[PDB]
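Written below as structure tokens is the structure these notes are about.
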Amino acid sequence: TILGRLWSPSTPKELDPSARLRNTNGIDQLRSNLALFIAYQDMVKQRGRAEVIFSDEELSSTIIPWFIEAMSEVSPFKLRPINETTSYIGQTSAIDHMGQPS
Amino acid sequence: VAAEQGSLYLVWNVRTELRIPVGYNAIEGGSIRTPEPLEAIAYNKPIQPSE
Amino acid sequence: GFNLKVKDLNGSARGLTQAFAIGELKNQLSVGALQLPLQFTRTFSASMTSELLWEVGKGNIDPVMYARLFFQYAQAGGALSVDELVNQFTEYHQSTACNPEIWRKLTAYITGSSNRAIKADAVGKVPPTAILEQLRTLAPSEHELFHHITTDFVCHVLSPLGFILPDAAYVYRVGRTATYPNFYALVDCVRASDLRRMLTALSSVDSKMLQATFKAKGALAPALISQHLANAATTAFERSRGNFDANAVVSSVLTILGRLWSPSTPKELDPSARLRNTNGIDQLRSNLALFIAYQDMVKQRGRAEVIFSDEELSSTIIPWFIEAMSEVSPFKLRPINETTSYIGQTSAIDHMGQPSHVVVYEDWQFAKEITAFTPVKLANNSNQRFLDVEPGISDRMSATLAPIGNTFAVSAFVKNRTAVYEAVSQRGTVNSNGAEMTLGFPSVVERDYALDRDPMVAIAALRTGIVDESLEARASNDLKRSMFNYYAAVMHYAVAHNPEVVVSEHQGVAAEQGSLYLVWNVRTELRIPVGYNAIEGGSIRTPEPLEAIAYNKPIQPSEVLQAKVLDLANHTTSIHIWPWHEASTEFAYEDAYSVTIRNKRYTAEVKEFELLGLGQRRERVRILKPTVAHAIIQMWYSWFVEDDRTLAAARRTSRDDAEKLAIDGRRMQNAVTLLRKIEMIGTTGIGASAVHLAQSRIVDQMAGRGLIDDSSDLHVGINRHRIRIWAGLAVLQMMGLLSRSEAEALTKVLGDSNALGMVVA
Amino acid sequence: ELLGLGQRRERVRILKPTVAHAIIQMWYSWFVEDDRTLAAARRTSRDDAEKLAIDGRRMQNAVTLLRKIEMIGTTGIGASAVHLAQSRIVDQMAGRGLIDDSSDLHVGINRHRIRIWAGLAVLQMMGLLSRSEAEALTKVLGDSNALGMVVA
Amino acid sequence: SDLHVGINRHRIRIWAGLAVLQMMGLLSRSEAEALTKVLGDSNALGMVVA
């Protein structure tokens, strides 16, 4: 949610990732994978969409990402390039001379 | 809605296939971007895989 | 931009007259007894600007500022006899002089408890801040604090170091003042010279010495400081002590000088040669600034003269005003000429040759950056605070602003005014007799918007050409002053070109109404009736100006007198504004942005923040003003309006075909230009995105509705600009620039051509 | 968490502050009597000069105390409070409604207030004081009541 | 100067062209003037303006 709070708009709470942002400089990667996002939604349903960016674990400075799997490699989760994330799939289609398909 | 947001969520920018009807999800006059989803994945030229 | 018919001002802007300049009801304006050449050709004049910030944080003489505040007060009518106040003050000071035993005493505690008082101790003196106000208490409480300054004057001294600790500042920020001046203004400067001098002396300082002033020692020391204080005071006082004496008197000198000027005066109402000859006060006669200056005052005064020195005046006070010693009077020698240069003028003039419409124009810059600021408080329940500011937009917008800036010259105005022209078997000047003049001074008005008051009255002030109170006297004078300037350049300027430089006194409704002017010449040009004519052998002459300007021919300016406009406190860090709230506006904004195409209305609003990028609208975040441009905008705006109008009629009346036929196209052209202005600014990202937001949205509603995949088609341009244009218009709203009202109605009058240039087919 | 660390084992006993708690209680105490005397000294002052002497003598130095205290806010640990602090607040208005408020941190008064308090707070987990005893320092609040203009 | 404002030149020229149409009867009198009729603008096109 913190991060949530970064994708924004527009959440100028702190004026968005901010003062807390300034502790950071590791932030950088987190985001950068799609996979990463994916959890969020889970919260949305789950937590009904929780509240207050989890209290930031109260600023836990720079240390809890560093408990992640990318910083505590527990699961297969494979940083994998998007393109190759799969590809056994090709597309195929109809058309009536449409030329679109249907 | 509450909590207060509804997923910053995604869209794509297809325009690939031209003047096409497929649900209220568009048309997008001339130009096409488009938000949601399956169809867009329809909206390419078909292919083989590679995996 | 008062448009005026030659052969009347005495109605036309009734009281905006030389006559008025006498007061002079609507009599005279004549010729020609005696006549009397003088062309004093220099003035003492000033320069642009007098606004500033002036945060006080480490007061240390430098009058000016102060004085300026003084003026702000002086002006404020909460001071006026400011001077007087200084007396009061003098006395105040004096009373300072008188309570040493207190003062000291006070001091004595302030730091710090007295009688051994010695040594390197630890004397963490302070922000002294409050203390003072005790001292005020012990003092009396004359206006604001002078009092405090003075403190600072010792503070810093009192410190070698340590002996005052750290402090903050405030804000005050002088506003602007004149360009020309009057009398009262003069005397004070002189007095100011004292005052500054008073303070001049006042820093001075006594150093650190011994193992005392050096290494803190002596209760008896600072008992000596207090003495120092005294020393200061005294001295300060002393340098003060004789000097003050002459104010009305000065006027009188003027009156002498005047009475020199007078030249038909009684024999034993001469200034004897001993006078006449002496020092360069005589030079002083032959020094404009004044000349023009006196008279008026005297107009008020009806006359009166002190009678005094002939030997200190001559002329010692006289070059006590070596006037320019204050630059406060930035009435400082000018080769007269060197002004004007914000005047260009250009005119529309008929065939015979004979004239039409003369524009004197005012020449500007308008570059600007914004100033959109955090309005919070800091100080609750008390407003002198600093608040804050940030960019975000400010830059973005400004960045956009700049471009707009690009487009707009005064030059371009005039060009446009050129564009006005055309004429034909039309139109005068000789045909029907009254001739136009307009002088671009929206500027005045700007200030008025800055002064938040109704223009129309101003118009009235012209209109009647006199005072039209009803409402804030302050404002009124303010206006008045403007008007002074209004008179003020002009004839200099005219004269600058026109060294038709003589006098016959006009001697009002009789005889003793010493008002000097010259008629001016108009040399060639065979025949005109234009003016309450003379025509003095085809070489009309008048001490009434406008025409003369008419017998210029388009002069140029020679600077746009840039336009540096004050700004934020940047180093703002404590400090506190003073009138601000007025001076700030919230950016709310109402209105929208919608289109119905097909039959289907596509619809949106304004939703300011998001146009502005981030969230989220609220009462706060206020914005400093956008003044200049309003003045400008409307100009552009205003023009068209006439033109269609006037045109339309002419278009009507068309006694022949051709002409009618003729006029339009040109009228068409400009529109496109308009258009050109707008789309051009419509391109700007921050715009465009806005469009963006729109489109999507437009679409969104649309999406249910829309069904047909009709293709290319609206590659037919439209949209791009269409929207862009429109978008530009938003700019106008979201920086309220032009009202909702007018522009859409202008729009209204537009409606075509647009397919111009273009693909087609 | 004030350390910045949720919320470890919970099982630390700490070498205690034998020295300073006392030294401070000297300091402390030293201060504390003095005001009595000083007030008294003013009372027994029955002319201005003396009272006046008291003034500053009374004043400045306190804020100096403060000088210490904010100063000791300029530390990591002060900051830990502070950061933690505002933020939590921030949400409380913003998160709940009105967001019109950062400023509210940013006038001295409060600022300092929290800062101080916090600063004192530290001491309290440094044992030292008593909340009670701080409270008398809070009795310093009535006085002068000048206080906290400007900073930093 | 004024009718250095173009007009005439073309105006007439145009018109003149029309003569051609008559004097080699090309188009009848009727139609073309009525076409003319439906015309009536733009003409200030391109041009000096201003």
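Throughout, read-outs are computed from the coordinates displayed, never taken from laboratory work. Because the Cβ atoms are built from the backbone with ideal geometry, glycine has one as well, and the counts that use them run over all protein chains shown.
At a glance:
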read-out	value
Calculated log₁₀ intensity ratio I(q)/I(0) where the Debye formula runs over C-alpha points of the stretch C:291-362, q = 0.11 Å⁻¹	-0.58
Nonlocal amide H pairs with C:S347, under 5 Å, H built at 1.01 Å	C:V359
Relative contact order (percent, whole number), the stretch D:36-126, Cα cutoff 8 Å, 6+ residue spacing	30
Estimated dipole of the stretch C:410-453 in Debye, rounded to 20 [Cβ of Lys and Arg +1, of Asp and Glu -1, Cα centre]	100
Quotient of Cα Rg and 2.2 N^0.38 Å for the stretch D:48-152, N being how many residues it contains	1.23
If the convex hull is drawn through the Cα atoms of chain B, its volume per residue in Å³	118
Total charge dipole magnitude, chain A, about the Cα centre, Cβ charges on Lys, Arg, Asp, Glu only, Debye to nearest 20	120
Distance (nanometres) between label positions extended 7 Å along Cα→Cβ at C:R274 and C:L756	7.8
Span per principal axis, largest first, for the Cα atoms of the protein assembly as shown (Å)	122, 117, 43
Order of C:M209, D:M126 under a 10 Å beta carbon neighbour criterion, fewest first	C:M209, D:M126
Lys/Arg +1, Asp/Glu -1 at C-beta; the protein assembly as shown dipole; positive extreme among D:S144, C:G258, E:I7	D:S144
C:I528, A:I63, E:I12 arranged by Cβ crowding within 10 Å, fewest neighbours leading	E:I12, A:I63, C:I528
Relative contact order %, the stretch C:1-88, counting alpha carbon pairs below 8 Å whose residues are six or more apart	9
Magnitude of the charge dipole, chain B, Cβ model with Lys/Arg +1 and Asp/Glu -1, debye to 20	240
Packing-based order for C:558-571, C:170-183, using average beta carbon neighbours within 10 Å, highest first	C:170-183, C:558-571
Rounded to whole Hz, the Karplus (6.51, -1.76, 1.60) HN-Hα couplings of the stretch C:260-269, x for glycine and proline	4, 4, 4, x, 7, 3, x, 4, 8, 7
Positive-end extreme of charge dipole, chain A - chosen from A:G48, A:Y88, A:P76 (charges on Cβ)	A:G48
Overall Cα dimensions of the stretch C:357-512, principal axis frame, Å, largest first	63, 47, 30
Dipole of chain C [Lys/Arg +1, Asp/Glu -1 at C-beta], most positive-end residue of C:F163, C:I708, C:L566	C:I708
Averaged over C:703-709, number of beta-carbon atoms from partner chains that fall within 10 Å	5
Helix-only mean residue ellipticity at 222 nm for chain C, each DSSP H run of n ≥ 4 adding -39500 (n - 2.57), per residue, nearest 500	-13000 deg cm²/dmol
Sorted by Cβ density within 10 Å, fewest first, the residues C:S329, C:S753	C:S753, C:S329
Under Karplus coefficients 6.51, -1.76 and 1.60, residue-wise ³J(HN,Hα) of the stretch C:452-465 in Hz, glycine/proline x	6, 9, 5, x, 6, 6, 6, 4, 4, 5, 5, 5, 5, x
Efficiency of FRET from Cβ geometry, B:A3 and D:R8, R₀ 30 Å, rounded to 0.05	0.45
Cleavage-rule hits, GluC sites (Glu not before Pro), the stretch D:1-71, DSSP coil, Cβ neighbours within 10 Å at most 13	D:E10
Loop-located trypsin sites (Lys or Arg not before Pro) in the stretch D:106-145, at most 14 other Cβ atoms within 10 Å (DSSP)	D:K139
For the stretch C:320-335, 3J(HN,Hα) per residue [Karplus equation, 6.51 cos²θ - 1.76 cosθ + 1.60, θ = phi - 60°, Hz, x = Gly/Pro]	6, 7, 9, 2, 3, 4, 9, 10, 4, 8, x, 5, 7, 4, 9, x
Candidates D:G119, D:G78, D:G95: whichever shows maximal mean-square fluctuation once chain D is modelled as a Gaussian network with Cα springs under 10 Å	D:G95
Other-chain or far-sequence residues with amide H under 5 Å of C:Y602's (modelled H)	C:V595, C:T596, C:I597
Mean separation of Cα contacts under 8 Å (6+ apart) over length of the stretch C:682-750, as relative contact order %	46
